[PDB]
Amino acid sequence: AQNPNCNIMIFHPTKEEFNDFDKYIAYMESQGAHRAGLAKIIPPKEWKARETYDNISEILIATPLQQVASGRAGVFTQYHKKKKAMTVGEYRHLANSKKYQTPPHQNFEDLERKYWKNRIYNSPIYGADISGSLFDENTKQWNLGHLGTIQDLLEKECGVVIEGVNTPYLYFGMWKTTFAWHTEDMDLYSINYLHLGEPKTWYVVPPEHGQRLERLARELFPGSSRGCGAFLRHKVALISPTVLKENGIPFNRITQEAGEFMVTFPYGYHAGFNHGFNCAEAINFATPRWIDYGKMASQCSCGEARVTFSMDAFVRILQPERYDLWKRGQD
Ligand SMILES: O=C(O)CNC(=O)C(=O)O
Ligand SMILES: [Mg+2]
Ligand code: NI
Ligand SMILES: [Zn+2]
């Protein structure tokens with residue numbers, strides 16, 4: 001079995017190997033990359049996403065989200081308070097202000113220590129979940145707006161044509177902005193490109209051990225767990241590396257820098273934080289190997305998770321027994 005310890009693998013494809021996206025994902029899996037739940041891909045030196053980032057300041061962040069924490073430093077939830085619209089130039093100035101800017105630090109490990117010590121005492125503002133793309137239309141390799149769609153993959157594997165679309169999303173971050181522990185909708189893959197700015201630190205649980213994280217989460221968030229049998233779908237719970245280690249939960253960590261891709265694999269729980277002002281692009285995708293994960297994915301039906309239009313067909317076709325309950329939670 002390749003990668004039996006489930007380490008995060010880093011890949012350096014050549015420009016030739018960068019042509020065929022599906023083929024390279026399959027290659028990484030042949031080497032055991034998916035066992036970690038997360039892989040890093042460093043593009044060949046010849047590649048670029050676009051020419052420059054000098055002209056992005058007029059993008060609008062219609063609903064910036066202030067991420068307010070509750071709990072203790074290593075075990076907390078966050079809620080999202082909606083703020084007034086602002087441009088990317090305005091948001092960048094805010095991120096760099098004395099109130100929000102990254103503190104002085106020695107290295108990534110020192111900043112990680114500071115994050116986990118102090119995160120709860122601040123409420124950073126995240127420009128998350130903005131439909132759009134920063135890839136140039138002329139970029140032919142690993143362009144996240146030109147990937148094969150998940151509806152086409154389902155149709156190719158299973159023969160059923162379905163409605164829905166699959167487009168990317170932009171994320172503008174600042175120091176301490178946080179993504180809570182989650183797997184993707186329908187336990188899909190994700191791919192995330194860090195276009196510019198400061199790093200993003202990731203934590204990940206191997207897919208074969210995801211249920212260990214779920215059991216800990218039920219213990220640590222006992223009210224939330226009574227409320228919903230899949231409350232990590234709400235995407236609000238944080239647990240620190242120290243608490244994971246105290247409870248024997250297998251996990252790994254890595255820091256993504258500008259110009260690098262990360263891939264999350266089906267049922268790979270992940271969480272993390274941004275180091276300072278940055279911009280990432282991400283999208284979900286599928287492969288043949290996903291279909292069995294999609295069929296078995298948990299679902300939230302309590303009302304909280306509320307998701308896109310395109311998840312309806314995935315539940316309907318892959319999980320017909322669960323469909324009526326899930327759709328009620330949508331309504
Ligand atoms: O960057 C973020 O805030 C969150 N991203 C992801 O969870 C992802 O790419 O799968
Ligand atoms: Mg602009
Ligand atoms: Ni994700
Ligand atoms: Zn729920």
# chains A, B, ... in the order shown; residues from 1 in each chain; ligands from 1
call {"tool": "residues_near_ligand", "arguments": {"ligand": "ligand 4", "cutoff": "7 Å", "atoms": "only C-alpha atoms and all ligand atoms", "output": "PyMOL selection string"}}
result
chain A and resi 227-231+233-234+300-305
call {"tool": "residues_near_ligand", "arguments": {"ligand": "ligand 3", "cutoff": "9 Å", "atoms": "only C-alpha atoms and all ligand atoms", "output": "short mmCIF file (atom, residue, chain, number, x, y, z; two decimals) with C-alpha atoms, in the first residue's frame"}}
result
data_model
loop_
_atom_site.label_atom_id
_atom_site.label_comp_id
_atom_site.auth_asym_id
_atom_site.auth_seq_id
_atom_site.Cartn_x
_atom_site.Cartn_y
_atom_site.Cartn_z
CA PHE A 179 -11.86 27.81 7.89
CA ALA A 180 -13.56 25.42 10.29
CA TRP A 181 -13.24 21.62 10.27
CA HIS A 182 -15.17 20.15 7.30
CA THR A 183 -15.28 17.82 4.34
CA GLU A 184 -16.60 19.04 1.01
CA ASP A 185 -20.28 18.91 -0.01
CA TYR A 189 -12.58 16.79 -3.93
CA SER A 190 -11.53 20.42 -3.74
CA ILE A 191 -8.67 22.27 -5.38
CA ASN A 192 -7.39 25.60 -4.04
CA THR A 264 -8.32 17.89 -0.78
CA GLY A 268 -10.49 14.45 4.01
CA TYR A 269 -11.45 16.69 6.95
CA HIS A 270 -9.56 19.97 6.87
CA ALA A 271 -9.31 23.32 8.72
CA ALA A 282 -11.14 27.11 -5.11
CA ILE A 283 -13.64 24.74 -6.70
CA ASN A 284 -15.03 21.26 -6.13
#
call {"tool": "select_by_dssp", "arguments": {"residues": "segment 87-276 of chain A", "states": "helix (DSSP H, G or I)", "output": "PDB file with C-alpha atoms, in the first residue's frame"}}
result
ATOM      1  CA  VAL A  88     -10.827  44.403  -2.594  1.00  0.00           C
ATOM      2  CA  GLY A  89      -8.755  47.622  -2.350  1.00  0.00           C
ATOM      3  CA  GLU A  90     -10.687  48.704   0.696  1.00  0.00           C
ATOM      4  CA  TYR A  91     -10.403  45.203   2.240  1.00  0.00           C
ATOM      5  CA  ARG A  92      -6.638  45.098   1.629  1.00  0.00           C
ATOM      6  CA  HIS A  93      -6.246  48.428   3.451  1.00  0.00           C
ATOM      7  CA  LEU A  94      -8.316  47.086   6.328  1.00  0.00           C
ATOM      8  CA  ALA A  95      -6.268  43.850   6.535  1.00  0.00           C
ATOM      9  CA  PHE A 108       5.578  30.007  10.418  1.00  0.00           C
ATOM     10  CA  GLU A 109       5.759  27.927  13.585  1.00  0.00           C
ATOM     11  CA  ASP A 110       5.893  31.020  15.804  1.00  0.00           C
ATOM     12  CA  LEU A 111       2.903  32.514  13.954  1.00  0.00           C
ATOM     13  CA  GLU A 112       1.001  29.220  14.327  1.00  0.00           C
ATOM     14  CA  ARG A 113       1.597  29.384  18.109  1.00  0.00           C
ATOM     15  CA  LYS A 114       0.298  32.919  18.193  1.00  0.00           C
ATOM     16  CA  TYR A 115      -2.795  31.948  16.135  1.00  0.00           C
ATOM     17  CA  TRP A 116      -3.834  29.205  18.519  1.00  0.00           C
ATOM     18  CA  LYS A 117      -3.071  31.266  21.633  1.00  0.00           C
ATOM     19  CA  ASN A 118      -4.887  34.389  20.558  1.00  0.00           C
ATOM     20  CA  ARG A 119      -7.414  33.703  17.758  1.00  0.00           C
ATOM     21  CA  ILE A 120     -10.500  33.752  19.976  1.00  0.00           C
ATOM     22  CA  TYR A 121      -9.762  37.268  21.288  1.00  0.00           C
ATOM     23  CA  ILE A 150     -19.090  17.285 -11.632  1.00  0.00           C
ATOM     24  CA  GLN A 151     -22.417  16.942 -13.559  1.00  0.00           C
ATOM     25  CA  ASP A 152     -20.524  15.657 -16.554  1.00  0.00           C
ATOM     26  CA  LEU A 153     -18.531  13.236 -14.385  1.00  0.00           C
ATOM     27  CA  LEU A 154     -21.753  11.834 -12.837  1.00  0.00           C
ATOM     28  CA  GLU A 155     -23.199  11.494 -16.310  1.00  0.00           C
ATOM     29  CA  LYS A 156     -20.160   9.806 -17.668  1.00  0.00           C
ATOM     30  CA  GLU A 157     -19.977   7.292 -14.754  1.00  0.00           C
ATOM     31  CA  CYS A 158     -23.597   6.567 -14.159  1.00  0.00           C
ATOM     32  CA  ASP A 185     -20.283  18.908  -0.008  1.00  0.00           C
ATOM     33  CA  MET A 186     -21.100  15.305  -0.918  1.00  0.00           C
ATOM     34  CA  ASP A 187     -17.449  14.448   0.154  1.00  0.00           C
ATOM     35  CA  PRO A 207     -10.014   9.919   5.163  1.00  0.00           C
ATOM     36  CA  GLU A 208      -9.605   6.478   6.732  1.00  0.00           C
ATOM     37  CA  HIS A 209      -9.683   8.155  10.161  1.00  0.00           C
ATOM     38  CA  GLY A 210     -12.402  10.763   9.645  1.00  0.00           C
ATOM     39  CA  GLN A 211     -14.839   9.072  11.998  1.00  0.00           C
ATOM     40  CA  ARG A 212     -12.284   9.552  14.852  1.00  0.00           C
ATOM     41  CA  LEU A 213     -12.485  13.294  14.339  1.00  0.00           C
ATOM     42  CA  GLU A 214     -16.313  13.110  14.227  1.00  0.00           C
ATOM     43  CA  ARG A 215     -16.415  11.232  17.548  1.00  0.00           C
ATOM     44  CA  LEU A 216     -14.166  13.805  19.212  1.00  0.00           C
ATOM     45  CA  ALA A 217     -16.237  16.624  17.814  1.00  0.00           C
ATOM     46  CA  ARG A 218     -19.440  15.132  19.281  1.00  0.00           C
ATOM     47  CA  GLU A 219     -17.703  14.981  22.676  1.00  0.00           C
ATOM     48  CA  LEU A 220     -16.368  18.549  22.495  1.00  0.00           C
ATOM     49  CA  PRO A 222     -22.217  18.237  22.865  1.00  0.00           C
ATOM     50  CA  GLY A 223     -25.179  20.681  22.340  1.00  0.00           C
ATOM     51  CA  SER A 224     -24.348  20.933  18.617  1.00  0.00           C
ATOM     52  CA  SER A 225     -24.197  17.171  18.306  1.00  0.00           C
ATOM     53  CA  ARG A 226     -27.715  16.760  19.867  1.00  0.00           C
ATOM     54  CA  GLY A 227     -28.974  19.339  17.392  1.00  0.00           C
ATOM     55  CA  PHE A 231     -23.121  19.228  12.539  1.00  0.00           C
ATOM     56  CA  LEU A 232     -19.570  19.532  11.088  1.00  0.00           C
ATOM     57  CA  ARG A 233     -21.502  20.259   7.830  1.00  0.00           C
ATOM     58  CA  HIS A 234     -22.329  23.632   9.486  1.00  0.00           C
ATOM     59  CA  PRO A 241      -3.540  20.646  16.969  1.00  0.00           C
ATOM     60  CA  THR A 242      -2.733  20.419  20.658  1.00  0.00           C
ATOM     61  CA  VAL A 243      -6.226  19.173  21.495  1.00  0.00           C
ATOM     62  CA  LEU A 244      -6.151  16.709  18.572  1.00  0.00           C
ATOM     63  CA  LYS A 245      -2.797  15.301  19.834  1.00  0.00           C
ATOM     64  CA  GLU A 246      -4.124  15.014  23.423  1.00  0.00           C
TER      65      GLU A 246
END
call {"tool": "closest_residue", "arguments": {"among": "A:248, A:13, A:199, A:103", "to": "ligand 1", "atoms": "only C-alpha atoms and all ligand atoms"}}
result
A:199
call {"tool": "residues_near_ligand", "arguments": {"ligand": "ligand 2", "cutoff": "10 Å", "atoms": "only C-alpha atoms and all ligand atoms", "output": "count of residues only"}}
result
11
call {"tool": "select_by_dssp", "arguments": {"residues": "segment 129-228 of chain A", "states": "strand (DSSP E)", "output": "ChimeraX atom specification"}}
result
/A:129-131,169-173,178-182,189-197,200-205
call {"tool": "closest_residue", "arguments": {"among": "A:290, A:169, A:175, A:100", "to": "residue 130 of chain A", "atoms": "only C-alpha atoms"}}
result
A:169
call {"tool": "atom_distance", "arguments": {"atom1": "atom CA of residue 162 of chain A", "atom2": "atom CA of residue 309 of chain A"}}
result
11.7 Å
call {"tool": "atom_distance", "arguments": {"atom1": "atom CA of residue 98 of chain A", "atom2": "atom CA of residue 278 of chain A"}}
result
16.8 Å
call {"tool": "residues_around", "arguments": {"residues": "residue 83 of chain A", "least_positions_apart": "5", "cutoff": "9 Å", "atoms": "only C-alpha atoms", "output": "ChimeraX atom specification"}}
result
/A:62-66,125
call {"tool": "residues_around", "arguments": {"residues": "residue 330 of chain A", "least_positions_apart": "2", "cutoff": "6 Å", "atoms": "only C-alpha atoms", "output": "PDB file with N, CA, C and O atoms, in the first residue's frame"}}
result
ATOM      1  N   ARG A 306     -27.567  24.611   4.644  1.00  0.00           N
ATOM      2  CA  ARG A 306     -27.975  25.291   3.376  1.00  0.00           C
ATOM      3  C   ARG A 306     -26.838  25.462   2.323  1.00  0.00           C
ATOM      4  O   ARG A 306     -25.792  26.140   2.576  1.00  0.00           O
ATOM      5  N   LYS A 327     -34.101  17.385   1.616  1.00  0.00           N
ATOM      6  CA  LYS A 327     -34.719  18.501   0.892  1.00  0.00           C
ATOM      7  C   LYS A 327     -35.598  19.329   1.849  1.00  0.00           C
ATOM      8  O   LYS A 327     -35.558  20.578   1.786  1.00  0.00           O
ATOM      9  N   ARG A 328     -36.311  18.676   2.749  1.00  0.00           N
ATOM     10  CA  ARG A 328     -36.988  19.397   3.848  1.00  0.00           C
ATOM     11  C   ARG A 328     -36.033  20.353   4.615  1.00  0.00           C
ATOM     12  O   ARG A 328     -36.400  21.500   4.955  1.00  0.00           O
TER      13      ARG A 328
END
call {"tool": "decode", "arguments": {"residues": "segment 199-299 of chain A", "atoms": "C-alpha atoms", "output": "compact mmCIF listing (two decimals), in the first residue's frame"}}
result
# COMPACT_ATOMS: atom_id res chain seq x y z
CA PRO A 199 0.32 32.03 3.36
CA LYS A 200 -2.51 29.68 4.39
CA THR A 201 -1.87 26.95 7.01
CA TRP A 202 -3.85 23.71 6.68
CA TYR A 203 -4.65 20.83 9.04
CA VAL A 204 -6.04 17.55 7.68
CA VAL A 205 -7.27 14.15 8.96
CA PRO A 206 -6.69 11.09 6.74
CA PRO A 207 -10.01 9.92 5.16
CA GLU A 208 -9.61 6.48 6.73
CA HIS A 209 -9.68 8.16 10.16
CA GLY A 210 -12.40 10.76 9.64
CA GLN A 211 -14.84 9.07 12.00
CA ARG A 212 -12.28 9.55 14.85
CA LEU A 213 -12.48 13.29 14.34
CA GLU A 214 -16.31 13.11 14.23
CA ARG A 215 -16.42 11.23 17.55
CA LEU A 216 -14.17 13.81 19.21
CA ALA A 217 -16.24 16.62 17.81
CA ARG A 218 -19.44 15.13 19.28
CA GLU A 219 -17.70 14.98 22.68
CA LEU A 220 -16.37 18.55 22.49
CA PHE A 221 -19.51 20.21 21.11
CA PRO A 222 -22.22 18.24 22.86
CA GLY A 223 -25.18 20.68 22.34
CA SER A 224 -24.35 20.93 18.62
CA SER A 225 -24.20 17.17 18.31
CA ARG A 226 -27.72 16.76 19.87
CA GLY A 227 -28.97 19.34 17.39
CA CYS A 228 -27.66 17.57 14.29
CA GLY A 229 -26.14 14.15 13.47
CA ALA A 230 -23.78 15.86 10.91
CA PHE A 231 -23.12 19.23 12.54
CA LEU A 232 -19.57 19.53 11.09
CA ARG A 233 -21.50 20.26 7.83
CA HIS A 234 -22.33 23.63 9.49
CA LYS A 235 -18.67 24.59 9.15
CA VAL A 236 -18.34 26.40 12.50
CA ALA A 237 -16.18 24.17 14.80
CA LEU A 238 -12.45 24.53 15.50
CA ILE A 239 -10.21 22.15 17.42
CA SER A 240 -6.48 22.91 17.78
CA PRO A 241 -3.54 20.65 16.97
CA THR A 242 -2.73 20.42 20.66
CA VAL A 243 -6.23 19.17 21.50
CA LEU A 244 -6.15 16.71 18.57
CA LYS A 245 -2.80 15.30 19.83
CA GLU A 246 -4.12 15.01 23.42
CA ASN A 247 -7.01 12.96 22.08
CA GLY A 248 -4.90 10.73 19.81
CA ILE A 249 -6.52 11.97 16.55
CA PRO A 250 -4.29 11.30 13.50
CA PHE A 251 -3.64 14.49 11.52
CA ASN A 252 -1.05 16.43 9.52
CA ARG A 253 -0.28 20.08 8.81
CA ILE A 254 1.29 22.10 6.02
CA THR A 255 1.60 25.71 4.94
CA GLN A 256 0.58 26.76 1.40
CA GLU A 257 2.35 29.74 -0.18
CA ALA A 258 1.39 31.98 -3.08
CA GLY A 259 1.70 30.20 -6.42
CA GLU A 260 0.88 26.74 -5.00
CA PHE A 261 -2.11 24.44 -5.36
CA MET A 262 -3.66 22.24 -2.67
CA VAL A 263 -6.02 19.32 -3.42
CA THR A 264 -8.32 17.89 -0.78
CA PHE A 265 -9.49 14.33 -1.32
CA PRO A 266 -12.94 12.80 -0.66
CA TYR A 267 -13.77 12.66 3.02
CA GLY A 268 -10.49 14.45 4.01
CA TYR A 269 -11.45 16.69 6.95
CA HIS A 270 -9.56 19.97 6.87
CA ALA A 271 -9.31 23.32 8.72
CA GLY A 272 -6.88 26.22 8.80
CA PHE A 273 -6.09 29.91 8.82
CA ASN A 274 -4.64 32.74 6.79
CA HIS A 275 -1.39 34.50 7.77
CA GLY A 276 -2.26 37.94 6.41
CA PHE A 277 -3.88 39.56 3.36
CA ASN A 278 -4.28 36.99 0.57
CA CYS A 279 -6.46 35.80 -2.26
CA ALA A 280 -7.28 32.13 -3.04
CA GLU A 281 -9.52 30.48 -5.67
CA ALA A 282 -11.14 27.11 -5.11
CA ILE A 283 -13.64 24.74 -6.70
CA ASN A 284 -15.03 21.26 -6.13
CA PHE A 285 -14.43 18.44 -8.62
CA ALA A 286 -15.03 14.71 -8.98
CA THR A 287 -13.31 11.63 -10.43
CA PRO A 288 -14.53 8.06 -10.85
CA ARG A 289 -13.17 7.21 -7.43
CA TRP A 290 -15.41 9.85 -5.79
CA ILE A 291 -18.70 8.15 -6.71
CA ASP A 292 -18.55 5.67 -3.82
CA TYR A 293 -17.83 8.51 -1.36
CA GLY A 294 -20.72 10.53 -2.70
CA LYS A 295 -23.08 7.60 -2.17
CA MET A 296 -22.03 7.32 1.50
CA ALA A 297 -21.67 11.03 2.43
CA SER A 298 -23.40 12.21 5.57
CA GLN A 299 -25.89 14.76 5.36
